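This report refers to the structure that appears directly beneath it.
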Amino acid sequence: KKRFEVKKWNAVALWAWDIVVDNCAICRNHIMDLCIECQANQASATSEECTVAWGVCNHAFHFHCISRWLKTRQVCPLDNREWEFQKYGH
Amino acid sequence: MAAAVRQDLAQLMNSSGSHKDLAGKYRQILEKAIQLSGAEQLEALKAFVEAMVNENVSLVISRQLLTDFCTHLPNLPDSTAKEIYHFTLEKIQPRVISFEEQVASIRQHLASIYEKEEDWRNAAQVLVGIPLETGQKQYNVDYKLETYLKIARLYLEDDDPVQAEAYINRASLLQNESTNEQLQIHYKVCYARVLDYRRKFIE
Amino acid sequence: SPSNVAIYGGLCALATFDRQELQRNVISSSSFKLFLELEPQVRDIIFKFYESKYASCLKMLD
Amino acid sequence: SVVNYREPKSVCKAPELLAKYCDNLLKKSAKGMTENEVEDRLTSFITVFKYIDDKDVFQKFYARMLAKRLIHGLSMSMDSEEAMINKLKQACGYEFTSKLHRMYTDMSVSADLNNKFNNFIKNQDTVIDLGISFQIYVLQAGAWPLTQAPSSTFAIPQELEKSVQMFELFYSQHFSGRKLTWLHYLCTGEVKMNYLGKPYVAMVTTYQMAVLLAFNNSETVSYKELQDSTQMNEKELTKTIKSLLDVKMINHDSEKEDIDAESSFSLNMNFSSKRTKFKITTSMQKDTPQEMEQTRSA
Amino acid sequence: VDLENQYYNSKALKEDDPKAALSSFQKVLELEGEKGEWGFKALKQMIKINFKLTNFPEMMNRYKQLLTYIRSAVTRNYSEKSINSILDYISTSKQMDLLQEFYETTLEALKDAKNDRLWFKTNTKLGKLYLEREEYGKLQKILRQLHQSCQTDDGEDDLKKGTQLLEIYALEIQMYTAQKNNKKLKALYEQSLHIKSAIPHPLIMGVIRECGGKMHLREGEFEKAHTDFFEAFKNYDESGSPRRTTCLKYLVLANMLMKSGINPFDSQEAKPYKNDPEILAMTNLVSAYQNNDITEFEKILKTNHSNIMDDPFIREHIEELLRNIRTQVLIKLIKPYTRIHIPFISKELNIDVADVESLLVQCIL
């Protein structure tokens, strides 16, 4: 009577970082979504993600953002401590 | 007596009863398991885990009892607890996304034995095993912070600055949302050491 | 004829041109490149003069 | 001047009404619209779209809509969708459209995985030799507007348990060092009722299926009991219960009763339908207007 | 409604023999091919049996009932997906001899212009096949039919993750790189750029770029190569392997020659794949180039010899890269002195006095 079974079932998924919360704080825009600096600049808009700088941490923020910061002060503003690069994304 | 627990579990195994009653019965068996001493305790607990990870047990039941099952574990001697922690982690793996908290809890506890016994690397590597940003479940700022910091501190003790710098960098971004002062002071002291160990003297 | 443009544009540049102009006009240009390729004698002469290879360059030149 | 200035006020209203309209055409209806019928409709749309100053709001609404329409598989004309993005690309600039495209390309990857799994049938299994048909779509989180976080820490009922675990095991083979995180909120499955005298196969959301399996043990089940069993937020549960009550798959103790947490929810044995293989999904109807409203207030 | 087609179909799925089955498969079609999908899945299953047992003229004949349901009540967008699934399975299961005809009969039905992508994809499959088969004449014929489109592969339609026009330019570039005439490749590349604006995101854009980047490196326009390889890598991630490994050498090479603004790794290109030792060498090699330290560069070249040296394109520039490091190192060094000796700098650079003397002369000029 009230017996059931299933061959094959899942629920749709995602996979994410390795980002914490509040849309990767050094810009108000997502890591995949384009920052202020990128969108305003426009001269060539890459097919997936544009230009993201990965840290030793494996948490990433925009390249342009850390780069504008770097000129006055070498140190990274959110980390408040020094930043060296390590790994490149996709 | 471990064999008797196994018998009792096998017999409940194919049941489709109410949550409160079914969980109450496993709870009684769990209490039976905990009052054993020797090889029986270890075995009955392993047997308990084998029954929980079976696909004929409801997820509601398994998540509850597995929380219950975790809190009784630190209270057992170190050898028993360590063995069980390793077994339970291998056995929880097929439905790991459903027992994520329980994996984390076991791993904080498993790491705490390794720290005490001065086997730093396993304690760190164990903590690295705890998903904190890549899971379904997203834990409070401080828990995550505590795990990254403990991981970093453990690498510093084992004289490995590179791993330490990775997890201490991951810790910094939580540190500012953290609203316990002591933990933020530990973070700074630890960071200062990570720079120390990296031969990054001036910073 | 297309042979003579390669000769003319090469030898006529080399006399009167300085270093900046040589690199920018004769060397970096896609256009002149078919011509340089057409006869290697004109081409070898330009580089050899530029590299301070004057002994090889003048020998091809006479 | 005339396009901008007319009877409704605020500016944000304009991408939303345009979004809803695109969505109203884009989702399959009763019989659908033929090829090229949409293409002419869309052309008129691209001129009105230019005039919008707050394109940001459009881009975001159209992104979420494209996501729902792809995940549900309720897109009438895939050609229409592409056509809409292709029309936008000339006007806007290349960048605008890049994210919409990036989610589309990402589907092709997912498609190929779905097939991997479907092929996994041919190999020795006997758990992949049972009930209902497949759905998955493993995607990128920031490439779609879909945020993850806790969906609701759903227990996932027993029925559904096998088949998620087998695929979870399979999946580590494909990509090592990456974890699957489920979007219970979007998923839709089917239920079959053997408690009715005329079998109907309901197309249900997984939450409704969860609330529906409880009835098997005890005919009428309280609201306090579902909260324990299903393990979902009280807010998210109200919307699901409400929907499930609105159609008479589930019915109250009497002929008429309000939706409350103080009444048990008995299974209806007098449910009738005008179509066999009935559907009810797909969250609440109210949610889309509410989202729009709540979003506007935000 | 659906109930009769489901029962008829489940009964056809038995028999497990192509005989007695045909009548049972038929009856779902007889009810009307409205939805059409019950009728489609039924029809698909008979093809599966037919290539395994039976005989191929029989298989081709069953296939043709789906080809003629294309102007019927079976939706466009389903029929194209339905077709992609069957075509992919048949290509793997059997050879080119038989396989060619299936593609040819699909093309037959599609005549009328409401069959853009469906016509293109199959026509493409004939193209791949023809080069293998060693056919020249029919290969030409397809390409002239594809050529007619200006920017396009869709009416406004969905699948155009290939292109029509651009594929021809790509195949042409694949021939001209093997033949090796530098000139024609440069013109082909400029002529392909005009089309690019209305294309979405395809694989074809990276393939065309790849040749352009190499020609730019030869030219002196190192910068035009970097951007084309960088732009290409993303699409190469979506399709995936093996080309990502080779493309990555072309990208690191190009970035060095610009002198400098290095980013093969603070931008985005390979995050888990970079760990493999094959790609690993490149990362280390780039780190040695950016710090401009001679002793490390030379250690990598010796140690992990094969992974750099075997590819001839990269191999060609390597002499220049060595000169490049030594030249930057020289400009740093020079500054504490106002009298520095040539055997002292030759010894420090790790070469003999005469190549240093020749470098200096060119450097002052």
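Give me the residue from region E:185-224 that is more than 14 Å from chain A (Cβ to nearest Cβ) and outside any helix (DSSP H, G or I) and, out of that set, surrounded by the fewest Cβ atoms within 10 Å (Cβ to Cβ).
In this case the residue turns out to be E:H194.
Could you please give the count of residues in region D:167-182 that are within 7 Å of another protein chain (Cβ to nearest Cβ), part of a loop (DSSP other than H, G, I, E, B) and surrounded by 13 or more Cβ atoms within 10 Å (Cβ to Cβ)?
3
Residues that are under 33 Å from the mean Cα position of the chain (by Cα): which helices (runs of 4 or more DSSP H) entirely in region E:8-78 hold 2 or more of them?
In region E:8-78, E:37-52, E:56-67 are the helices (runs of 4 or more DSSP H) which contain 2 or more residues that are under 33 Å from the mean Cα position of the chain (by Cα).
Can you find a residue in region B:90-105 that is in contact with an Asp or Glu (Cβ under 9 Å, 6 or more places away or on another chain), assigned to a helix (DSSP H, G or I), more than 12 Å from chain D (Cβ to nearest Cβ) and crowded, with 18+ Cβ neighbours inside 10 Å?
So far as region B:90-105 goes, no, none of its residues is in contact with an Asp or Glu (Cβ under 9 Å, 6 or more places away or on another chain), assigned to a helix (DSSP H, G or I), more than 12 Å from chain D (Cβ to nearest Cβ) and crowded, with 18+ Cβ neighbours inside 10 Å.
Give region C:14-41 a look and list any residue that's away from every other protein chain (no Cβ under 14 Å), under 22 Å from E:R218 (Cβ atoms) and touching a helix residue (DSSP H, G or I) at 6+ places or on another chain (Cβ under 9 Å), or say none.
Listed by number, the residues that qualify are C:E39, C:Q41.
Failed condition for D:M203, given (1) out of contact with any strand residue (DSSP E or B) (no Cβ under 9 Å at 6 or more places or on another chain); (2) among the hydrophobic types (A, V, I, L, M, F, W, C); (3) outside any helix (DSSP H, G or I), with all others met?
Going through (1) out of contact with any strand residue (DSSP E or B) (no Cβ under 9 Å at 6 or more places or on another chain); (2) among the hydrophobic types (A, V, I, L, M, F, W, C); (3) outside any helix (DSSP H, G or I) one by one, D:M203 breaks only (1).
Within region D:183-226, which residues are over 26 Å from D:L74 (Cα atoms) and basic (K, R)?
D:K198, D:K224
Between a first residue in region E:169-182 that is aromatic (F, W, Y) and a second residue that is part of a helix (DSSP H, G or I), which pairs have beta carbons less than 6 Å apart while being 6 or more apart in sequence or on different chains?
E:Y169/E:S192; E:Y176/E:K184; E:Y176/E:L185
How many residues does region D:116-146 hold that are exposed (fewer than 14 other Cβ atoms within 10 Å of the Cβ) and of a type in the set (S, T, N, Q)?
Qualifying residue count, region D:116-146: 5.
If you scan region D:183-194, which residues turn out to be more than 24 Å from B:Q93 (Cα to Cα), at the interface with chain A (Cβ under 7 Å from one of its Cβ atoms) and within 13 Å of the chain's Cα centre (by Cα)?
D:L186, D:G189
So, of the residues in region A:59-90 that are surrounded by fewer than 16 Cβ atoms within 10 Å (Cβ to Cβ) and among the basic types (K, R), which turns out to be nearest to E:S239 (Cα to Cα)?
Of everything passing the filter in region A:59-90, A:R68 is nearest to E:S239 (Cα to Cα).
Out of region D:219-267, which residues are assigned to a strand (DSSP E or B) and within 21 Å of D:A155 (Cα to Cα)? Don't jump to the end; show me each part of the working.
Start the filter on region D:219-267 by keeping residues that are assigned to a strand (DSSP E or B), which leaves D:220-221, D:250-251, D:265-267.
Across region D:219-267, the qualifying residues are D:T220, D:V221, D:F265.
Mind counting the residues in region E:277-301 that are within 14 Å of chain A (Cβ to nearest Cβ) and closer than 18 Å to E:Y236 by Cα?
Within region E:277-301, residues that are within 14 Å of chain A (Cβ to nearest Cβ) and closer than 18 Å to E:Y236 by Cα number 1.
Here is a yes/no grid of residues against (1) among the aromatic types (F, W, Y); (2) out of contact with any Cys (no Cβ under 6 Å at 6 or more places or on another chain); (3) crowded, with 16+ Cβ neighbours inside 10 Å; (4) part of a helix (DSSP H, G or I):
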site: E:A113; (1), (2), (3), (4): no, yes, no, no
site: E:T152; (1), (2), (3), (4): no, yes, yes, no
site: E:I173; (1), (2), (3), (4): no, no, yes, yes
site: E:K183; (1), (2), (3), (4): no, yes, no, yes
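Identify all residues within region E:254-312 that are aliphatic (A, V, I, L, M), surrounded by fewer than 16 Cβ atoms within 10 Å (Cβ to Cβ) and within 21 Å of A:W83 (Cα to Cα); write none if there are none.
Taking region E:254-312 as the starting set, the residues that turn out to be aliphatic (A, V, I, L, M) are E:254, E:256-258, E:262, E:270, E:279-282, E:285-286, E:288, E:294, E:300-301, E:308-309.
Subsequent filtering for residues that are surrounded by fewer than 16 Cβ atoms within 10 Å (Cβ to Cβ) retains E:258, E:280, E:309.
Selection gives nothing.
Restrict the check to region D:118-133 and report whether at least one residue is away from chain A (no Cβ under 11 Å) and not in a loop (DSSP other than H, G, I, E, B).
The answer is yes; a qualifying residue exists.
Go over the candidates B:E133, B:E100, B:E115, B:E83 one by one and state the one that is in contact with a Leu (Cβ under 9 Å, 6 or more places away or on another chain) and more than 25 Å from B:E31 (Cβ to Cβ). Steps first, answer last, please.
Numbers: B:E133 fails: in contact with a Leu (Cβ under 9 Å, 6 or more places away or on another chain); B:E100 fails: in contact with a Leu (Cβ under 9 Å, 6 or more places away or on another chain); B:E83 fails: more than 25 Å from B:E31 (Cβ to Cβ).
Just a single option satisfies the conditions, and that option is B:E115.
Would you mind telling me which numbered condition in (1) within 19 Å of D:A63 (Cα to Cα); (2) in a loop (DSSP other than H, G, I, E, B); (3) among the charged types (D, E, K, R) D:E16 fails?
Only one criterion is unmet by D:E16, namely (2).
Applying the selection to region D:19-57, what residues are within 12 Å of another protein chain (Cβ to nearest Cβ), outside any loop (DSSP other than H, G, I, E, B) and of a type in the set (A, V, I, L, M, F, W, C)?
Of everything in region D:19-57, those that are within 12 Å of another protein chain (Cβ to nearest Cβ), outside any loop (DSSP other than H, G, I, E, B) and of a type in the set (A, V, I, L, M, F, W, C) turn out to be D:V38, D:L42, D:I46.
Looking at B:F69, is it buried (at least 16 other Cβ atoms within 10 Å of the Cβ) and either under 15 Å from B:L110 (Cβ atoms) or within 13 Å of chain D (Cβ to nearest Cβ) (or both)?
Considered against the rule, which asks whether it is buried (at least 16 other Cβ atoms within 10 Å of the Cβ) and either under 15 Å from B:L110 (Cβ atoms) or within 13 Å of chain D (Cβ to nearest Cβ) (or both), B:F69 comes out as yes.
Does D:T97 satisfy the condition of being more than 25 Å from the chain's Cα centre (by Cα), of a type outside the set (D, E, K, R) and assigned to a helix (DSSP H, G or I)?
Numbers: more than 25 Å from the chain's Cα centre (by Cα): no; of a type outside the set (D, E, K, R): yes; assigned to a helix (DSSP H, G or I): yes.
Answer is no for this residue.
Determine if region A:37-58 includes at least one residue that is buried (at least 21 other Cβ atoms within 10 Å of the Cβ), of a type in the set (A, V, I, L, M) and in a loop (DSSP other than H, G, I, E, B).
The answer is no, given that none of the residues of region A:37-58 is buried (at least 21 other Cβ atoms within 10 Å of the Cβ), of a type in the set (A, V, I, L, M) and in a loop (DSSP other than H, G, I, E, B).
Throughout, read-outs are computed from the coordinates displayed, never taken from laboratory work. No Cβ is skipped: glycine too gets one built from the backbone with ideal geometry, and neighbour counts run over all protein chains shown.
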